[PDB]
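Here is the structure we will look at, set down as structure tokens.
Both backbone and side-chain heavy atoms feed into the values below; hydrogens, waters and symmetry mates do not. Residue numbering restarts at 1 for every chain, and letters A, B, ... go by the order of the sequence lines.
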There are 2 protein chains.
Amino acid sequence: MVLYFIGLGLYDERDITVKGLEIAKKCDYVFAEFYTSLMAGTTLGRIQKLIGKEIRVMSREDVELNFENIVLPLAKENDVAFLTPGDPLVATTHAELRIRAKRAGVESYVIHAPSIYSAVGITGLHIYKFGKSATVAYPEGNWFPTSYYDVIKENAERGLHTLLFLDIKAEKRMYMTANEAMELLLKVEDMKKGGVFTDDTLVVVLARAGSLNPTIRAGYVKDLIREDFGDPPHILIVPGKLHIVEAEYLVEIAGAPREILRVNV
Amino acid sequence: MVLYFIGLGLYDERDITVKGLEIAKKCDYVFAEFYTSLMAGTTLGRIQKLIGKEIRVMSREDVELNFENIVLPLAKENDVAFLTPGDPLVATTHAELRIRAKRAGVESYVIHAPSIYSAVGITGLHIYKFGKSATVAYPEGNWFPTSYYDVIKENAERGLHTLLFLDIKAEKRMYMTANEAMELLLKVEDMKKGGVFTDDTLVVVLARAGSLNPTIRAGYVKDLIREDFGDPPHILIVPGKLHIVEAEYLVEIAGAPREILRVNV
Ligand SMILES: Nc1ncnc2c1ncn2[C@@H]1O[C@H](CSCC[C@H](N)C(=O)O)[C@@H](O)[C@H]1O
């Protein structure tokens with residue numbers, strides 16, 4: 001009769017909360033999805049061992065089209081968990097899953113966990129200054145999507161930071177790197193020429209948030225576009241004008257060039 | 001000689017991540033602050049029992065003025081942890097503390113935890129649609145803060161949602177309720193008359209996120225301004241333009257008036 005939405009956190013199997021782990025261990029059935037994001041610092045095997053339950057992995061279609069026939073039936077007379085990377089209900093379409101639960105006469109509860117939305121705070125950029133967020137998608141065939149470029153434009157114009165998620169094809173396990181994201185953005189700039197993303201734009205790269213040894217780098221596109229940020233996933237941020245305190249953190253912690261202390265403040 | 005910034009999460013001691021607990025259990029000294037937020041479902045004793053350590057609680061002054069004198073000295077020869085509610089670097093000025101650690105020659109690591117910033121996902125509002133965030137501060141003497149009103153205005157103009165952190169004065173054990181925030185906003189509207197926040201404005205209230213039964217309510221200010229949302233902490237959210245599914249969730253899950261289902265596009 002109960003469905004638990006449980007977040008797995010940012011990087012490895014230890015990123016789940018004590019509450020989430022204990023509730024998971026008490027569930028009769030455990031489902032999970034790894035198409036929205038992938039726990040880069042662990043494996044399905046390590047997660048299964050930690051929880052001590054077999055985990056029924058679900059594809060995007062399994063969730064979006066058949067959540068009510070794969071998960072809810074069992075949740076009708078059993079305690080069931082639905083695990084997701086990060087914090088539950090962050091993925092755009094997940095909140096609607098609680099409506100499906102209600103319609104099926106199933107109670108649902110949310111067990112939160114760390115999300116990149118809040119973890120980006122490790123970049124030293126003030127959370128209140130982030131504006132609209134967006135995802136950088138790979139162009140394909142005749143389709144060249146660029147809305148993420150306009151998001152950056154509108155935020156920066158108002159002195160706000162722009163959090164950019166990078167493309168991911170979970171099944172094929174192919175991640176977009178910050179480097180690719182930058183090259184793509186320079187290409188969009190050459191097209192729209194809005195003076196939004198250029199070689200002189202200051203950017204911040206966060207790789208493997210959640211691990212004890214994450215890669216936090218800041219600098220100008222001209223110097224970071226070919227830098228090695230390590231293994232994915234990578235998150236790209238285009239900060240708005242900086243607070244001197246944000247700039248000092250980027251210089252002292254993220255190795256940003258002292259130049260930002262005068263140019264981007 | 002390491003310093004760990006470890007978040008404790010949204011509501012109770014079980015909101016800490018497994019990673020954070022295991023690392024906290026093995027630290028030589030443990031410090032913490034409980035003035036940046038309120039963890040309504042736990043006590044200092046419960047947290048201490050969980051990590052099996054005595055916790056040296058610090059005031060805002062101990063931290064902001066004496067962090068390098070109270071915490072860092074020990075972090076130079078021991079493994080020290082500094083615990084905080086939610087995520088340690090979200091809507092706090094704790095990030096600058098890492099710069100202090102660096103200057104004292106102390107390495108620091110950050111262990112994230114669920115934060116109110118991402119927990120907004122439980123309101124059904126698409127998290128990528130949130131714009132600039134703000135804090136509703138208690139007026140003091142002849143000083144009446146109003147900047148948060150302009151933030152709402154700016155976001156609303158762009159069709160973006162506005163997350164409003166609410167004031168807190170731990171030493172006075174004062175925690176601003178969503179009701180008090182609504183009253184202050186109506187007063188600012190009376191002054192600026194921008195048509196930004198009125199009795200007909202749709203708002204969302206999230207109280208005690210992290211608990212199994214948080215209060216999630218959506219409706220017009222005129223109807224919610226006097227509604228009892230339970231014990232603090234609370235956050236107030238002023239949505240921008242709603243997607244059909246955001247409206248459906250507010251109605252089905254947050255008990256919003258069915259009339260908001262009809263969205264003006
Ligand atoms: N569990 C909770 N439920 C509702 N609001 C919360 C909350 N925890 C924090 N807040 C909101 O945030 C304010 C503190 S701001 C500090 C936030 C913290 N670092 C985090 O990551 O969550 C509170 O005054 C309140 O308005």
Side-chain angles (χ1 to χ4, degrees), chain A residues 17 114 118-119 121-122 124 126-128 245 249, chain B residues 2-17 20-21 23-25 27-75 78-102 104 106 108-117 119 135 137-138 165-176 209-210 232-233 235:
Chain A
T17 66
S118 48
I122 195 169
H126 305 322
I127 287 292
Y128 81 91
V245 174
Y249 181 107
Chain B
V2 171
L3 171 60
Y4 287 104
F5 287 84
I6 305 178
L8 295 181
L10 296 175
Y11 188 64
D12 59 57
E13 75 289 345
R14 290 205 303 170
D15 291 316
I16 184 173
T17 57
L21 181 59
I23 283 171
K25 279 185 179 163
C27 282
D28 305 304
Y29 295 99
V30 177
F31 295 91
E33 63 84 359
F34 293 102
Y35 64 76
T36 57
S37 192
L38 173 65
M39 289 183 74
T42 188
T43 67
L44 170 61
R46 282 165 165 167
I47 301 176
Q48 278 186 163
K49 194 186 161 168
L50 179 65
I51 70 159
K53 300 279 180 171
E54 181 201 303
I55 297 166
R56 200 290 194 179
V57 171
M58 302 171 74
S59 64
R60 180 183 290 278
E61 187 187 77
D62 293 328
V63 175
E64 309 193 341
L65 276 45
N66 291 122
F67 196 71
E68 59 268 48
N69 300 153
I70 295 163
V71 176
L72 273 43
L74 287 172
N78 303 263
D79 263 20
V80 179
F82 175 60
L83 320 177
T84 75
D87 182 291
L89 317 179
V90 173
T92 67
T93 49
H94 287 338
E96 182 270 332
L97 295 181
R98 301 196 71 195
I99 300 184
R100 298 194 198 180
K102 182 187 182 191
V106 176
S108 70
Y109 302 77
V110 182
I111 310 307
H112 304 285
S115 165
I116 187 65
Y117 194 68
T135 299
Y138 278 125
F165 293 110
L166 301 190
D167 215 357
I168 172 174
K169 275 144 174 13
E171 285 187 31
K172 314 175 179 181
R173 306 187 72 170
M174 227 166 329
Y175 307 99
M176 180 182 281
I235 51 153

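Once rounded to the nearest 0.5 Å, the distance linking CG of B:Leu8 with OG1 of A:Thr17 reads 12.0 Å. Atoms CD1 and CE, from B:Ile70 and B:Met58 in turn, are 4.0 Å apart once rounded to the nearest 0.5 Å. Note: B:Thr43 OG1 to B:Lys49 NZ = 10.0 Å, rounded to the nearest 0.5 Å. Note that CD1 of B:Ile51 is 10.0 Å distant from NZ of B:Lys25, once rounded to the nearest 0.5 Å.
In this structure, B:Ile55 and B:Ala32 approach most closely via the heavy-atom pair CG2-CB, 3.7 Å. Across all their heavy atoms, B:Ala113 and B:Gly86 have their closest contact at CB-O, 3.5 Å.
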- Item | Intermediate values then yes/no, side-chain contact (heavy atoms from CB on, under 4.5 Å), B:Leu3 and B:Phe82 | CA-CA 7 Å; B:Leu3 171 60; B:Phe82 175 60; 4.2 Å; yes
- Item | Evaluation steps, side-chain contact (heavy atoms from CB on, under 4.5 Å), between B:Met39 and B:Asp12 | CA-CA 6 Å; B:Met39 289 183 74; B:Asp12 59 57; 5.6 Å; no
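Between B:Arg46 and B:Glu13, none of the side-chain N atoms (NZ, or NE/NH1/NH2) sits under 4.0 Å from a carboxylate O, so this pair counts as no salt bridge. Using a 4.0 Å cut-off between charged side-chain N and carboxylate O, B:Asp28 and B:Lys53 make no salt bridge.
B:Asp62 contributes a side-chain N or O that, together with a main-chain N or O of B:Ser59, makes up a donor-acceptor pair within less than 3.5 Å. Although no hydrogens or angles enter the test, the distance criterion places a donor-acceptor pair under 3.5 Å between the side chain of B:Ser115 and the main chain of B:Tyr117.
For B:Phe31 and B:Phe67, the distance between ring centers is not under 6.0 angstrom. Aromatic ring centres of B:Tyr109 and B:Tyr4 lie closer together than 6.0 Å.
Between B:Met176 and B:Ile168, every side-chain heavy-atom pair lies at or beyond the 4.5 Å cut-off. Side chains of B:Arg60 and B:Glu33 form no contact here, defined as non-hydrogen atoms less than 4.5 Å apart. For the pair B:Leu89/B:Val110, a side-chain contact is recorded, criterion being any heavy-atom separation below 4.5 Å from C-beta on. Looking at heavy atoms from C-beta onward, B:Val2 lies out of side-chain contact with B:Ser108 at the 4.5 angstrom threshold. Side chains of B:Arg98 and A:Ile122 form a contact here, defined as non-hydrogen atoms less than 4.5 Å apart. Here the side chains of B:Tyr138 and B:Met174 are in contact, with some heavy-atom distance below 4.5 Å. By the 4.5 Å heavy-atom criterion applied to side chains, B:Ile16 and B:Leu50 are counted as neighbours.
Under the side-chain contact (heavy atoms from CB on, under 4.5 Å) test applied with B:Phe5, the options B:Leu83, B:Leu97, B:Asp87 reduce to a single match, B:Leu97.
The neighbour count for B:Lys169 NZ, taken as heavy atoms of other residues, nucleotides or ligands under 6.0 Å away, is above 12.
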